[PDB]
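Colleague: Structure file work.csv (CSV, N, CA and C atoms) right here:
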chain,number,residue,atom,x,y,z
Y,3,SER,N,7.0,-20.1,-2.9
Y,3,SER,CA,8.5,-20.1,-2.4
Y,3,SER,C,9.3,-19.0,-3.0
Y,4,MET,N,10.1,-18.3,-2.2
Y,4,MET,CA,10.8,-17.0,-2.7
Y,4,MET,C,12.2,-17.2,-3.1
Y,5,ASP,N,12.9,-18.2,-2.6
Y,5,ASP,CA,14.4,-18.4,-2.6
Y,5,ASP,C,14.8,-19.6,-3.5
Y,6,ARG,N,13.9,-20.0,-4.3
Y,6,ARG,CA,14.2,-21.2,-5.2
Y,6,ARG,C,14.7,-20.7,-6.6
Y,7,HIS,N,14.4,-19.4,-6.9
Y,7,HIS,CA,14.9,-18.8,-8.2
Y,7,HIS,C,15.1,-17.4,-7.9
Y,8,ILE,N,16.1,-17.1,-7.1
Y,8,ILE,CA,16.5,-15.7,-6.7
Y,8,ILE,C,16.8,-14.8,-7.9
Y,9,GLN,N,17.4,-15.4,-9.0
Y,9,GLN,CA,17.7,-14.6,-10.1
Y,9,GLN,C,16.5,-14.1,-10.8
Y,10,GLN,N,15.4,-14.9,-10.8
Y,10,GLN,CA,14.1,-14.6,-11.4
Y,10,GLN,C,13.5,-13.4,-10.7
Y,11,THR,N,13.5,-13.4,-9.4
Y,11,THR,CA,12.9,-12.3,-8.7
Y,11,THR,C,13.7,-11.0,-8.9
Y,12,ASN,N,15.1,-11.1,-8.9
Y,12,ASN,CA,15.9,-9.9,-9.2
Y,12,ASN,C,15.7,-9.4,-10.6
Y,13,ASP,N,15.6,-10.3,-11.6
Y,13,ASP,CA,15.2,-9.9,-12.9
Y,13,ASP,C,13.8,-9.2,-13.0
Y,14,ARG,N,12.8,-9.7,-12.3
Y,14,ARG,CA,11.5,-9.0,-12.2
Y,14,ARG,C,11.6,-7.6,-11.6
Y,15,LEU,N,12.4,-7.5,-10.5
Y,15,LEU,CA,12.6,-6.2,-9.8
Y,15,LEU,C,13.3,-5.2,-10.7
Y,16,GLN,N,14.3,-5.7,-11.5
Y,16,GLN,CA,15.0,-4.8,-12.5
Y,16,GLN,C,14.1,-4.4,-13.6
Y,17,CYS,N,13.2,-5.2,-14.0
Y,17,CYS,CA,12.1,-4.8,-15.0
Y,17,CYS,C,11.2,-3.7,-14.4
Y,18,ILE,N,10.8,-3.9,-13.2
Y,18,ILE,CA,9.9,-3.0,-12.5
Y,18,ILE,C,10.7,-1.6,-12.4
Y,19,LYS,N,12.0,-1.7,-12.1
Y,19,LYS,CA,12.8,-0.4,-12.0
Y,19,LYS,C,12.8,0.4,-13.3
Y,20,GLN,N,13.0,-0.3,-14.4
Y,20,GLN,CA,12.9,0.3,-15.7
Y,20,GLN,C,11.5,1.0,-16.0
Y,21,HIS,N,10.4,0.3,-15.6
Y,21,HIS,CA,9.1,0.8,-15.9
Y,21,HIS,C,8.7,1.9,-15.0
Y,22,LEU,N,9.2,2.0,-13.8
Y,22,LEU,CA,8.9,3.1,-12.9
Y,22,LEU,C,9.3,4.5,-13.4
Y,23,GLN,N,10.2,4.5,-14.4
Y,23,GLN,CA,10.8,5.7,-14.9
Y,23,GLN,C,9.8,6.4,-15.8
Y,24,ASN,N,8.8,5.7,-16.3
Y,24,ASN,CA,7.9,6.1,-17.4
Y,24,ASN,C,6.6,6.5,-16.8
Y,25,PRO,N,6.1,7.7,-17.0
Y,25,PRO,CA,4.8,8.1,-16.4
Y,25,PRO,C,3.6,7.2,-16.8
Y,26,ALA,N,3.7,6.6,-18.0
Y,26,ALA,CA,2.6,5.8,-18.6
Y,26,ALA,C,2.6,4.4,-17.9
Y,27,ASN,N,3.7,4.0,-17.4
Y,27,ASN,CA,3.8,2.7,-16.7
Y,27,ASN,C,3.9,2.8,-15.1
Y,28,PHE,N,4.1,4.0,-14.6
Y,28,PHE,CA,4.4,4.1,-13.1
Y,28,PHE,C,3.3,3.5,-12.3
Y,29,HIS,N,2.0,3.7,-12.7
Y,29,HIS,CA,0.9,3.2,-11.9
Y,29,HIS,C,1.0,1.7,-11.7
Y,30,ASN,N,1.2,1.0,-12.8
Y,30,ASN,CA,1.2,-0.5,-12.7
Y,30,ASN,C,2.5,-1.0,-12.0
Y,31,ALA,N,3.6,-0.4,-12.4
Y,31,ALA,CA,4.9,-0.8,-11.8
Y,31,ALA,C,5.0,-0.5,-10.3
Y,32,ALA,N,4.5,0.6,-9.8
Y,32,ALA,CA,4.5,1.0,-8.4
Y,32,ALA,C,3.5,0.1,-7.7
Y,33,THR,N,2.4,-0.2,-8.3
Y,33,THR,CA,1.4,-1.1,-7.7
Y,33,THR,C,2.0,-2.6,-7.5
Y,34,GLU,N,2.7,-3.0,-8.5
Y,34,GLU,CA,3.4,-4.3,-8.5
Y,34,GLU,C,4.3,-4.2,-7.3
Y,35,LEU,N,5.1,-3.2,-7.1
Y,35,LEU,CA,6.1,-3.1,-6.1
Y,35,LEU,C,5.5,-3.0,-4.6
Y,36,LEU,N,4.4,-2.2,-4.5
Y,36,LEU,CA,3.7,-2.2,-3.3
Y,36,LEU,C,3.1,-3.5,-2.9
Y,37,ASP,N,2.5,-4.2,-3.8
Y,37,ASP,CA,2.0,-5.6,-3.6
Y,37,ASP,C,3.1,-6.5,-3.1
Y,38,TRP,N,4.3,-6.4,-3.8
Y,38,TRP,CA,5.4,-7.3,-3.5
Y,38,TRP,C,5.9,-6.9,-2.0
Y,39,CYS,N,6.0,-5.7,-1.7
Y,39,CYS,CA,6.4,-5.2,-0.3
Y,39,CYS,C,5.5,-5.5,0.8
Y,40,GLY,N,4.3,-6.0,0.4
Y,40,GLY,CA,3.2,-6.4,1.4
Y,40,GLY,C,3.5,-7.9,1.8
Y,41,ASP,N,4.4,-8.6,1.2
Y,41,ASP,CA,4.8,-10.0,1.5
Y,41,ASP,C,5.9,-9.8,2.5
Y,42,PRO,N,5.8,-10.3,3.7
Y,42,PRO,CA,7.0,-10.0,4.6
Y,42,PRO,C,8.3,-10.7,4.2
Y,43,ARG,N,8.2,-11.7,3.3
Y,43,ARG,CA,9.4,-12.4,2.8
Y,43,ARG,C,10.2,-11.6,1.9
Y,44,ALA,N,9.6,-10.5,1.3
Y,44,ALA,CA,10.3,-9.6,0.4
Y,44,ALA,C,11.5,-8.9,1.0
Y,45,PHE,N,11.5,-8.7,2.3
Y,45,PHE,CA,12.6,-8.0,3.0
Y,45,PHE,C,13.7,-8.9,3.4
Y,46,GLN,N,14.5,-9.3,2.5
Y,46,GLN,CA,15.6,-10.2,2.6
Y,46,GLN,C,16.8,-9.8,1.8
Y,47,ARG,N,18.0,-10.0,2.3
Y,47,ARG,CA,19.2,-9.5,1.7
Y,47,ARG,C,19.4,-9.9,0.2
Y,48,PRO,N,19.0,-11.1,-0.3
Y,48,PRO,CA,19.2,-11.4,-1.7
Y,48,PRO,C,18.4,-10.5,-2.7
Y,49,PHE,N,17.4,-9.8,-2.2
Y,49,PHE,CA,16.6,-8.8,-3.0
Y,49,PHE,C,16.9,-7.4,-2.8
Y,50,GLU,N,17.7,-7.1,-1.7
Y,50,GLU,CA,17.8,-5.7,-1.3
Y,50,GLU,C,18.4,-4.7,-2.3
Y,51,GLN,N,19.4,-5.1,-3.0
Y,51,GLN,CA,20.0,-4.2,-4.0
Y,51,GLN,C,19.0,-3.8,-5.0
Y,52,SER,N,18.3,-4.8,-5.6
Y,52,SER,CA,17.3,-4.5,-6.6
Y,52,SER,C,16.2,-3.7,-6.1
Y,53,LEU,N,15.8,-4.0,-4.9
Y,53,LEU,CA,14.7,-3.2,-4.3
Y,53,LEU,C,15.1,-1.8,-4.1
Y,54,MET,N,16.3,-1.6,-3.6
Y,54,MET,CA,16.8,-0.2,-3.4
Y,54,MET,C,16.9,0.5,-4.7
Y,55,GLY,N,17.3,-0.2,-5.7
Y,55,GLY,CA,17.3,0.5,-7.1
Y,55,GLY,C,15.9,1.0,-7.5
Y,56,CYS,N,14.9,0.1,-7.3
Y,56,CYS,CA,13.5,0.5,-7.5
Y,56,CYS,C,13.1,1.8,-6.7
Y,57,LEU,N,13.4,1.7,-5.4
Y,57,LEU,CA,13.0,2.8,-4.5
Y,57,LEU,C,13.7,4.1,-4.8
Y,58,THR,N,14.9,3.9,-5.3
Y,58,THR,CA,15.7,5.1,-5.7
Y,58,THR,C,14.9,5.8,-6.9
Y,59,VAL,N,14.4,5.1,-7.8
Y,59,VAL,CA,13.6,5.7,-8.9
Y,59,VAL,C,12.3,6.3,-8.4
Y,60,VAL,N,11.7,5.6,-7.4
Y,60,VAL,CA,10.5,6.1,-6.9
Y,60,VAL,C,10.8,7.5,-6.2
Y,61,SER,N,11.9,7.6,-5.4
Y,61,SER,CA,12.2,8.8,-4.7
Y,61,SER,C,12.3,9.9,-5.7
Y,62,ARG,N,12.9,9.7,-6.9
Y,62,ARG,CA,13.1,10.7,-7.9
Y,62,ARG,C,11.9,11.1,-8.7
Y,63,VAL,N,11.0,10.2,-9.0
Y,63,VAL,CA,10.0,10.4,-10.0
Y,63,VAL,C,8.6,10.7,-9.4
Y,64,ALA,N,8.3,10.2,-8.2
Y,64,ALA,CA,6.9,10.2,-7.6
Y,64,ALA,C,6.3,11.6,-7.7
Y,65,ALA,N,7.1,12.6,-7.4
Y,65,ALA,CA,6.5,14.0,-7.4
Y,65,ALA,C,6.6,14.7,-8.7
Y,66,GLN,N,7.1,14.1,-9.7
Y,66,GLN,CA,7.2,14.7,-11.0
Y,66,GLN,C,5.8,14.7,-11.7
Y,67,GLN,N,5.6,15.7,-12.6
Y,67,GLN,CA,4.4,15.7,-13.3
Y,67,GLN,C,4.1,14.4,-14.1
Y,68,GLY,N,2.9,13.9,-14.0
Y,68,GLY,CA,2.5,12.7,-14.6
Y,68,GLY,C,2.7,11.4,-13.8
Y,69,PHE,N,3.3,11.6,-12.6
Y,69,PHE,CA,3.5,10.4,-11.8
Y,69,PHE,C,2.5,10.5,-10.6
Y,70,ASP,N,2.3,9.4,-9.9
Y,70,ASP,CA,1.3,9.4,-8.8
Y,70,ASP,C,2.0,9.5,-7.5
Y,71,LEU,N,2.0,10.7,-6.9
Y,71,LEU,CA,2.8,11.0,-5.7
Y,71,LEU,C,2.3,10.2,-4.5
Y,72,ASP,N,1.0,10.1,-4.3
Y,72,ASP,CA,0.5,9.3,-3.1
Y,72,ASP,C,0.9,7.8,-3.2
Y,73,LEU,N,0.8,7.2,-4.4
Y,73,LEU,CA,1.2,5.8,-4.5
Y,73,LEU,C,2.7,5.7,-4.2
Y,74,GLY,N,3.5,6.6,-4.7
Y,74,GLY,CA,4.9,6.5,-4.4
Y,74,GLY,C,5.2,6.6,-2.9
Y,75,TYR,N,4.4,7.5,-2.3
Y,75,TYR,CA,4.6,7.7,-0.8
Y,75,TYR,C,4.2,6.5,-0.1
Y,76,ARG,N,3.1,5.9,-0.4
Y,76,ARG,CA,2.6,4.7,0.3
Y,76,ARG,C,3.5,3.6,0.2
Y,77,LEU,N,4.2,3.5,-1.0
Y,77,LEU,CA,5.2,2.5,-1.2
Y,77,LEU,C,6.4,2.7,-0.3
Y,78,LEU,N,6.9,4.0,-0.3
Y,78,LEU,CA,8.1,4.3,0.5
Y,78,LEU,C,7.8,4.1,2.0
Y,79,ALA,N,6.5,4.4,2.4
Y,79,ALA,CA,6.1,4.2,3.8
Y,79,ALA,C,6.2,2.8,4.3
Y,80,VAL,N,5.7,1.8,3.5
Y,80,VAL,CA,5.9,0.4,3.8
Y,80,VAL,C,7.4,0.0,4.0
Y,81,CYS,N,8.3,0.5,3.1
Y,81,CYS,CA,9.7,0.2,3.1
Y,81,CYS,C,10.3,0.9,4.3
Y,82,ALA,N,9.9,2.1,4.6
Y,82,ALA,CA,10.5,2.8,5.7
Y,82,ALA,C,10.1,2.0,7.0
Y,83,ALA,N,8.9,1.4,7.1
Y,83,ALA,CA,8.5,0.6,8.2
Y,83,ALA,C,9.3,-0.6,8.5
Y,84,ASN,N,9.9,-1.1,7.4
Y,84,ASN,CA,10.8,-2.2,7.5
Y,84,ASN,C,12.3,-1.8,7.3
Y,85,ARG,N,12.7,-0.6,7.6
Y,85,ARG,CA,14.0,0.0,7.2
Y,85,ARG,C,15.1,-0.7,8.1
Y,86,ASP,N,14.7,-1.2,9.2
Y,86,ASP,CA,15.7,-1.9,10.1
Y,86,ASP,C,16.2,-3.2,9.5
Y,87,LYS,N,15.5,-3.7,8.4
Y,87,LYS,CA,16.0,-4.9,7.7
Y,87,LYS,C,17.1,-4.6,6.6
Y,88,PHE,N,17.3,-3.3,6.3
Y,88,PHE,CA,18.3,-2.9,5.4
Y,88,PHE,C,19.5,-2.5,6.0
Y,89,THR,N,20.6,-2.2,5.2
Y,89,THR,CA,21.8,-1.6,5.7
Y,89,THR,C,21.5,-0.3,6.4
Y,90,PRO,N,22.4,0.1,7.3
Y,90,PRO,CA,22.1,1.4,7.9
Y,90,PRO,C,22.1,2.6,6.9
Y,91,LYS,N,23.0,2.6,5.9
Y,91,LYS,CA,23.0,3.7,4.9
Y,91,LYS,C,21.6,3.7,4.2
Y,92,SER,N,21.2,2.5,3.7
Y,92,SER,CA,19.9,2.4,3.0
Y,92,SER,C,18.8,2.7,3.9
Y,93,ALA,N,18.8,2.3,5.2
Y,93,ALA,CA,17.7,2.7,6.0
Y,93,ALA,C,17.5,4.2,6.1
Y,94,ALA,N,18.6,5.0,6.3
Y,94,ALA,CA,18.7,6.4,6.4
Y,94,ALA,C,18.1,7.0,5.1
Y,95,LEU,N,18.5,6.4,3.9
Y,95,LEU,CA,18.0,6.9,2.7
Y,95,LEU,C,16.5,6.8,2.6
Y,96,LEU,N,16.0,5.6,2.9
Y,96,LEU,CA,14.5,5.3,2.9
Y,96,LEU,C,13.7,6.3,3.7
Y,97,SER,N,14.2,6.6,5.0
Y,97,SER,CA,13.6,7.5,5.9
Y,97,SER,C,13.6,8.9,5.2
Y,98,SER,N,14.7,9.3,4.7
Y,98,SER,CA,14.8,10.6,4.0
Y,98,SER,C,13.8,10.7,2.8
Y,99,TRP,N,13.8,9.7,1.9
Y,99,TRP,CA,13.0,9.7,0.7
Y,99,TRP,C,11.5,9.7,1.1
Y,100,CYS,N,11.2,8.9,2.0
Y,100,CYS,CA,9.7,8.8,2.5
Y,100,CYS,C,9.3,10.2,3.0
Y,101,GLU,N,10.1,10.8,3.9
Y,101,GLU,CA,9.7,12.0,4.5
Y,101,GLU,C,9.6,13.1,3.4
Y,102,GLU,N,10.4,13.1,2.5
Y,102,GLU,CA,10.4,14.1,1.4
Y,102,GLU,C,9.2,14.0,0.5
Y,103,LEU,N,8.9,12.8,0.1
Y,103,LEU,CA,7.6,12.6,-0.5
Y,103,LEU,C,6.4,13.0,0.3
Y,104,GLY,N,6.5,12.7,1.6
Y,104,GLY,CA,5.3,13.1,2.5
Y,104,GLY,C,5.2,14.7,2.5
Y,105,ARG,N,6.3,15.4,2.6
Y,105,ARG,CA,6.2,16.9,2.6
Y,105,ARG,C,5.6,17.3,1.3
Y,106,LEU,N,6.0,16.8,0.2
Y,106,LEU,CA,5.5,17.2,-1.1
Y,106,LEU,C,4.0,16.9,-1.2
Y,107,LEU,N,3.6,15.8,-0.6
Y,107,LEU,CA,2.2,15.4,-0.6
Y,107,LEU,C,1.4,16.3,0.2
Y,108,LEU,N,1.9,16.7,1.4
Y,108,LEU,CA,1.3,17.7,2.3
Y,108,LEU,C,1.1,19.0,1.6
Y,109,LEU,N,2.1,19.5,1.0
Y,109,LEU,CA,2.1,20.8,0.3
Y,109,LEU,C,1.0,20.9,-0.8
Y,110,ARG,N,0.7,19.8,-1.5
Y,110,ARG,CA,-0.4,19.8,-2.5
Y,110,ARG,C,-1.8,19.8,-1.9
Y,111,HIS,N,-1.9,19.3,-0.6
Y,111,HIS,CA,-3.2,19.4,0.1
Y,111,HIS,C,-3.3,20.6,1.0
Y,112,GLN,N,-2.4,21.6,0.9
Y,112,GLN,CA,-2.5,22.8,1.7
Y,112,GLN,C,-2.9,24.0,0.9
Kindly return the structure encoded in the file as structure tokens.
Modeller:
Amino acid sequence: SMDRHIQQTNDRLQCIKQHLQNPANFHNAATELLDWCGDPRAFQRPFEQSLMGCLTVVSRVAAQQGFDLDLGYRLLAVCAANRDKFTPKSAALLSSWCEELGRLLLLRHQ
């Protein structure tokens, strides 16, 4: 059940947000978040602010040295696929951040 302890899920997402900032924890934290975004119930308004906070960090750090760019990109791609569940401003940000990570990922493979 997802909505019986909403504060707990937001606290978990805020912890994940903090750990995504650290290259030593990004792999586990971004994996946690990708797994969580694979549950279709994750895309609901009570979680959206915390989720956007996580994704904001991913947009910033994924292409930095010591971070896993492809995992970041795969995570942003799932959220971009669900972007119509977010506010219009957030949906536009997701699309932008996903595309930018994809460009960076392409450049490394060229």
Colleague: Identify the residues around (6.7, 15.9, -10.9) within a radius of 12 Å, measuring from only C-alpha atoms in the coordinates stated by the file, and give them as a short mmCIF file (atom, residue, chain, number, x, y, z; two decimals) with N, CA and C atoms, in the coordinates of the input.
Modeller:
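Just written: out.cif:
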data_model
loop_
_atom_site.label_atom_id
_atom_site.label_comp_id
_atom_site.auth_asym_id
_atom_site.auth_seq_id
_atom_site.Cartn_x
_atom_site.Cartn_y
_atom_site.Cartn_z
N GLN Y 23 10.20 4.50 -14.40
CA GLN Y 23 10.80 5.70 -14.90
C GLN Y 23 9.80 6.40 -15.80
N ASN Y 24 8.80 5.70 -16.30
CA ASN Y 24 7.90 6.10 -17.40
C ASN Y 24 6.60 6.50 -16.80
N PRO Y 25 6.10 7.70 -17.00
CA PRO Y 25 4.80 8.10 -16.40
C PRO Y 25 3.60 7.20 -16.80
N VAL Y 60 11.70 5.60 -7.40
CA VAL Y 60 10.50 6.10 -6.90
C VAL Y 60 10.80 7.50 -6.20
N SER Y 61 11.90 7.60 -5.40
CA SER Y 61 12.20 8.80 -4.70
C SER Y 61 12.30 9.90 -5.70
N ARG Y 62 12.90 9.70 -6.90
CA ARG Y 62 13.10 10.70 -7.90
C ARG Y 62 11.90 11.10 -8.70
N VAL Y 63 11.00 10.20 -9.00
CA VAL Y 63 10.00 10.40 -10.00
C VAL Y 63 8.60 10.70 -9.40
N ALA Y 64 8.30 10.20 -8.20
CA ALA Y 64 6.90 10.20 -7.60
C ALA Y 64 6.30 11.60 -7.70
N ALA Y 65 7.10 12.60 -7.40
CA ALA Y 65 6.50 14.00 -7.40
C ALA Y 65 6.60 14.70 -8.70
N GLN Y 66 7.10 14.10 -9.70
CA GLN Y 66 7.20 14.70 -11.00
C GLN Y 66 5.80 14.70 -11.70
N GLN Y 67 5.60 15.70 -12.60
CA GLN Y 67 4.40 15.70 -13.30
C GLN Y 67 4.10 14.40 -14.10
N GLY Y 68 2.90 13.90 -14.00
CA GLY Y 68 2.50 12.70 -14.60
C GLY Y 68 2.70 11.40 -13.80
N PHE Y 69 3.30 11.60 -12.60
CA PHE Y 69 3.50 10.40 -11.80
C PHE Y 69 2.50 10.50 -10.60
N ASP Y 70 2.30 9.40 -9.90
CA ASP Y 70 1.30 9.40 -8.80
C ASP Y 70 2.00 9.50 -7.50
N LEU Y 71 2.00 10.70 -6.90
CA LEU Y 71 2.80 11.00 -5.70
C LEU Y 71 2.30 10.20 -4.50
N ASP Y 72 1.00 10.10 -4.30
CA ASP Y 72 0.50 9.30 -3.10
C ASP Y 72 0.90 7.80 -3.20
N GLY Y 74 3.50 6.60 -4.70
CA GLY Y 74 4.90 6.50 -4.40
C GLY Y 74 5.20 6.60 -2.90
N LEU Y 103 8.90 12.80 0.10
CA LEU Y 103 7.60 12.60 -0.50
C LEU Y 103 6.40 13.00 0.30
N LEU Y 106 6.00 16.80 0.20
CA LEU Y 106 5.50 17.20 -1.10
C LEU Y 106 4.00 16.90 -1.20
N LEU Y 107 3.60 15.80 -0.60
CA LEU Y 107 2.20 15.40 -0.60
C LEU Y 107 1.40 16.30 0.20
N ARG Y 110 0.70 19.80 -1.50
CA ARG Y 110 -0.40 19.80 -2.50
C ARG Y 110 -1.80 19.80 -1.90
#
Colleague: List the spatial neighbours of stretch 3-18 of chain Y as a ChimeraX atom specification - criterion: any atom at most 10 Å away, only C-alpha atoms, same-chain residues fewer than 3 positions off excluded.
Modeller: /Y:21-23,27-28,30-35,38,43-44,46,48-56
Colleague: Please indicate the distance in Å from atom CA of residue Y:73 to atom C of residue Y:36, rounded to one decimal place.
Modeller: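 So the two atoms, atom CA of residue Y:73 and atom C of residue Y:36, lie 9.6 Å apart.
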Colleague: For atom N of residue Y:83 and atom CA of residue Y:109, determine how far apart the two atoms are, in Å to one decimal place.
Modeller: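 Computed distance, atom N of residue Y:83 to atom CA of residue Y:109, equals 21.7 Å.
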Colleague: For the helix (DSSP H, G or I) assignment from backbone DSSP, which residues of chain Y qualify? Please present them as a ChimeraX atom specification.
Modeller: /Y:8-21,25-39,42-44,47-63,71-83,85-87,90-110
Colleague: Using only N, CA and C atoms, can you tell me which of Y:47, Y:19, Y:59, Y:76 comes closest to residue Y:104?
Modeller: Y:76
Colleague: Rounded to one decimal in Å, what is the spacing between atom CA of residue Y:112 and atom CA of residue Y:75?
Modeller: 16.9 Å
Colleague: Which one of Y:20, Y:87, Y:101, Y:78 sits closest to residue Y:57 if you count only C-alpha atoms?
Modeller: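 Nearest candidate to residue Y:57 out of Y:20, Y:87, Y:101, Y:78: Y:78.
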Colleague: Could you give me, as a VMD selection string, the residues that have an atom at most 8 Å away from the point (15.5, 6.4, 0.7) in the coordinates of the file, using only C-alpha atoms?
Modeller: chain Y and resid 54 57 to 58 61 78 82 92 to 100
Colleague: Give me a file of those residues, with N, CA and C atoms, as a PDB file, in the frame of the given file.
Modeller:
ATOM      1  N   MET Y  54      16.300  -1.600  -3.600  1.00  0.00           N
ATOM      2  CA  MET Y  54      16.800  -0.200  -3.400  1.00  0.00           C
ATOM      3  C   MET Y  54      16.900   0.500  -4.700  1.00  0.00           C
ATOM      4  N   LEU Y  57      13.400   1.700  -5.400  1.00  0.00           N
ATOM      5  CA  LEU Y  57      13.000   2.800  -4.500  1.00  0.00           C
ATOM      6  C   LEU Y  57      13.700   4.100  -4.800  1.00  0.00           C
ATOM      7  N   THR Y  58      14.900   3.900  -5.300  1.00  0.00           N
ATOM      8  CA  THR Y  58      15.700   5.100  -5.700  1.00  0.00           C
ATOM      9  C   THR Y  58      14.900   5.800  -6.900  1.00  0.00           C
ATOM     10  N   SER Y  61      11.900   7.600  -5.400  1.00  0.00           N
ATOM     11  CA  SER Y  61      12.200   8.800  -4.700  1.00  0.00           C
ATOM     12  C   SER Y  61      12.300   9.900  -5.700  1.00  0.00           C
ATOM     13  N   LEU Y  78       6.900   4.000  -0.300  1.00  0.00           N
ATOM     14  CA  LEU Y  78       8.100   4.300   0.500  1.00  0.00           C
ATOM     15  C   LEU Y  78       7.800   4.100   2.000  1.00  0.00           C
ATOM     16  N   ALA Y  82       9.900   2.100   4.600  1.00  0.00           N
ATOM     17  CA  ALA Y  82      10.500   2.800   5.700  1.00  0.00           C
ATOM     18  C   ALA Y  82      10.100   2.000   7.000  1.00  0.00           C
ATOM     19  N   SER Y  92      21.200   2.500   3.700  1.00  0.00           N
ATOM     20  CA  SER Y  92      19.900   2.400   3.000  1.00  0.00           C
ATOM     21  C   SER Y  92      18.800   2.700   3.900  1.00  0.00           C
ATOM     22  N   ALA Y  93      18.800   2.300   5.200  1.00  0.00           N
ATOM     23  CA  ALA Y  93      17.700   2.700   6.000  1.00  0.00           C
ATOM     24  C   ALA Y  93      17.500   4.200   6.100  1.00  0.00           C
ATOM     25  N   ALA Y  94      18.600   5.000   6.300  1.00  0.00           N
ATOM     26  CA  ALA Y  94      18.700   6.400   6.400  1.00  0.00           C
ATOM     27  C   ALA Y  94      18.100   7.000   5.100  1.00  0.00           C
ATOM     28  N   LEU Y  95      18.500   6.400   3.900  1.00  0.00           N
ATOM     29  CA  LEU Y  95      18.000   6.900   2.700  1.00  0.00           C
ATOM     30  C   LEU Y  95      16.500   6.800   2.600  1.00  0.00           C
ATOM     31  N   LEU Y  96      16.000   5.600   2.900  1.00  0.00           N
ATOM     32  CA  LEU Y  96      14.500   5.300   2.900  1.00  0.00           C
ATOM     33  C   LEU Y  96      13.700   6.300   3.700  1.00  0.00           C
ATOM     34  N   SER Y  97      14.200   6.600   5.000  1.00  0.00           N
ATOM     35  CA  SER Y  97      13.600   7.500   5.900  1.00  0.00           C
ATOM     36  C   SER Y  97      13.600   8.900   5.200  1.00  0.00           C
ATOM     37  N   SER Y  98      14.700   9.300   4.700  1.00  0.00           N
ATOM     38  CA  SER Y  98      14.800  10.600   4.000  1.00  0.00           C
ATOM     39  C   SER Y  98      13.800  10.700   2.800  1.00  0.00           C
ATOM     40  N   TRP Y  99      13.800   9.700   1.900  1.00  0.00           N
ATOM     41  CA  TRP Y  99      13.000   9.700   0.700  1.00  0.00           C
ATOM     42  C   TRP Y  99      11.500   9.700   1.100  1.00  0.00           C
ATOM     43  N   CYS Y 100      11.200   8.900   2.000  1.00  0.00           N
ATOM     44  CA  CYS Y 100       9.700   8.800   2.500  1.00  0.00           C
ATOM     45  C   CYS Y 100       9.300  10.200   3.000  1.00  0.00           C
TER      46      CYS Y 100
END
